[PDB]
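# Structure assessment
Spelled out, the chains give:
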Amino acid sequence: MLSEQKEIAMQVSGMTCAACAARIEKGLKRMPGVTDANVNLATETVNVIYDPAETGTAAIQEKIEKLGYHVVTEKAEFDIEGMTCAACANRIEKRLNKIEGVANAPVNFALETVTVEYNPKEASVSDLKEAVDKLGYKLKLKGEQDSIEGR
């Protein structure tokens, strides 16, 4: 058929790893797009499968948050050395959006940066580099230190 269900696989904390996990998945099953909703509590990874045209990764996280939990997901800033024709940025946004355990990925055309809002346990910079390398651009970190070199 048509439709292209995404998977989002992210780490959530606060789980008792029984009723809590089940409460999340059941609560998320309230949503229409939520085609399936699973929680590999053994590895503390919430994996939710839904259409990106009803629900929205942001609402998924919001529902987890409203359930009284927190996602181990961080807004890491990156710099981009590929865009120009306002096209690569759009594609990279729509990619980075949900590589695996990415909640969000807004791009800036002011400083040619991307904030990647993702789970650094499930994925890591190397994946980002390898992905963008596949898109055929080069991806830089915004400092990744802020002059914190000591010895």
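In this document, every chain is numbered from 1 following its sequence as written, which may not correspond to the numbering used in the entry; residues for which no coordinates exist are not shown. To get the side-chain values, take all heavy atoms of the structure and skip hydrogens and water.

The criterion for strand pairing is that DSSP finds at least two bridges linking the strands in question. Segments assigned H or I by DSSP are reported as helices when at least four residues long, segments assigned E as strands when at least two residues long, and all are numbered from the N terminus. As summarised here, the arrangement of the 4 strands in space is β2-β3-β1-β4, forming an open sheet in which the pairing is antiparallel. The open sheet is flanked by β2 (36-40) and β4 (70-71), the only strands paired with a single partner. Here β2 pairs with strand β3 (residues 45-50) via 5 bridges, running antiparallel. Bridging from a neighbouring strand, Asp 36 pairs with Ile 49 of β3. Working rule for contacts: check all heavy atoms of both residues, and any pair within 4.5 Å makes them a contact. Only the contacting stretch of a helix is used when fitting its axis, a line to C-alpha atoms as for every element, and angles between N-to-C directions run 0 to 180 degrees. In the packing of helix α1 (residues 19-28) onto the sheet, contacts are made with β2 and β3, and the angle to β2 comes to roughly 160°. Its contacts with the sheet put helix α2 (residues 57-66) on β1 (6-13), β3 and β4, and the angle it makes with β3 is roughly 135°.

As a further point, take the environment of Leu 141. Mapped onto the secondary structure, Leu 141 falls in strand β9 (residues 139-141). Linking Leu 141 and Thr 115, residues 26 residues apart in sequence, is a C-alpha distance of 9.9 Å. Not counting the four nearest positions on each side in its chain, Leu 141 is found in contact with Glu 77, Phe 78, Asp 79 and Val 125.

Moving on: the domain arrangement of the protein. The figure often quoted for interface size is the accessible area lost as the parts come together. All the domain ranges listed were derived from an automatic or database domain assignment. Per the domain assignment, the segments making up the protein are domain 1 (1-71) and domain 2 (72-151). Distance from the C-alpha centre of domain 1 to the C-alpha centre of domain 2: 23 Å. Buried area adds together the accessible area that both of two parts lose upon being put together, with accessible area traced by a 1.4 Å probe. Taken together, both faces of the contact between domain 1 and domain 2 bury some 1100 Å²; the carbon and sulfur share is 44%. When a carboxyl oxygen of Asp or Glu is within 4 Å of a side-chain nitrogen of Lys or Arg, the pair counts as a salt bridge. Viewed at the interface, domain 2 and domain 1 are joined by 0 salt bridges. Here a polar contact means two N or O atoms within 3.5 Å. Within protein one must be a hydrogen donor candidate and the other an acceptor candidate, and residues neighboring in sequence count only if both atoms are side-chain atoms. Counting the contacts that link domain 1 with domain 2 gives 8 residue pairs in polar contact. Taken together, the elements giving at least two residues each to the side of domain 1 that touches domain 2 come down to β1, α2 and β4. When residues of the side of domain 1 that touches domain 2 are assigned to their parent elements, the largest contribution, 7 residues, is made by β1.

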